[PDB]
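The chain that follows stands alone, in the form deposited in one PDB entry, written as C-alpha cells.
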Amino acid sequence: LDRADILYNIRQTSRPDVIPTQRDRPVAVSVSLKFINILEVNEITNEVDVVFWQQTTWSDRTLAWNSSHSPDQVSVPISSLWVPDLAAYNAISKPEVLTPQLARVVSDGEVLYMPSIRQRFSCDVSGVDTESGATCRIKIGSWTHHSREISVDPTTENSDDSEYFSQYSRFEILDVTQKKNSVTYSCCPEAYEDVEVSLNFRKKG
C-alpha cells in the first residue's frame, strides 16, 4: 500500500456519522487542553478569551491497515472520519479553529486530532490580579453520547498542559489540573462524562 491507496480506502469506506463502538463498549476518548495564549480577561463579567490546542485521541479499528511495506501514519481530512462530538459546556462563543482540519491516523487505527481553537468562556476570573491568581474551569464532554458510547479521560499530574504557553502573554499559568465527572441529566437515564480542566493563572508583575 502507498499513501494514496490508504487515503482512498479510508475515503471510500468512511462512515463519519458512525461512532466506532462495539455495543455496549464505549469509545475511549482522551482529551487534553494545551493552553497557548490568554488574550482577554474581564473580572467584572467573568469572561475569558483563550487559545488552546485540543489534543484529542481515540481508536477507530475500521481505519487500520497492514503497515508492512507501507507508511505507518497518514494525514486525513476530518470530514472523512468520525470525530467525537465534544463541546465546551461553559463556552459563550463559537469555537474558532485556527489550523488545517486534519487528523493523524496510525496504521493500528489510533487517531490524533489537535485543532488550535480560539474560544470565549464564562468562568471564575476573580483573583486574576493577585498572586494566588484566578481559577477558571472549562468543562468538555460529548454533547449527545452517554458513558456507554463515549467515555472521556483525564490527564494526570504527568501531563504538562502549559508547556507551549506563549511567553509574550500578559498572563502566566500557575497550574492546570483535570477532573473527570459523570453527570446525569433530566432527559436521559444514562450518565454523561466530561473532563473539567482547571486553569490557574494570573496577570504577571
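So that there is no doubt, residue numbering starts at 1 and follows the sequence shown. Note that the rigid core is defined as the largest set of C-alphas that superpose within 1.5 Å between two forms.
Missing here is the form deposited in another entry; even so, the following discussion is about that form.
### Task
Using a core superposition, identify the member of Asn37, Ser159, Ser151, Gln54 whose Cα displacement between the shown form and the other one reaches 2 Å or more.
Of all the options, the C-alpha that shifts by at least 2 Å belongs to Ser159.
### Query
Closer or farther apart in that other deposited form, the C-alpha atoms of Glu157 and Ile36, for a change of 3 Å or more?
Their C-alpha distance shrinks by at least 3 Å in that other deposited form.
### Query
Between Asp161 and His146, does the Cα distance in that other deposited form come out closer or farther than in this form, changing by 3 Å or more?
Relative to this form, farther apart in that other deposited form.
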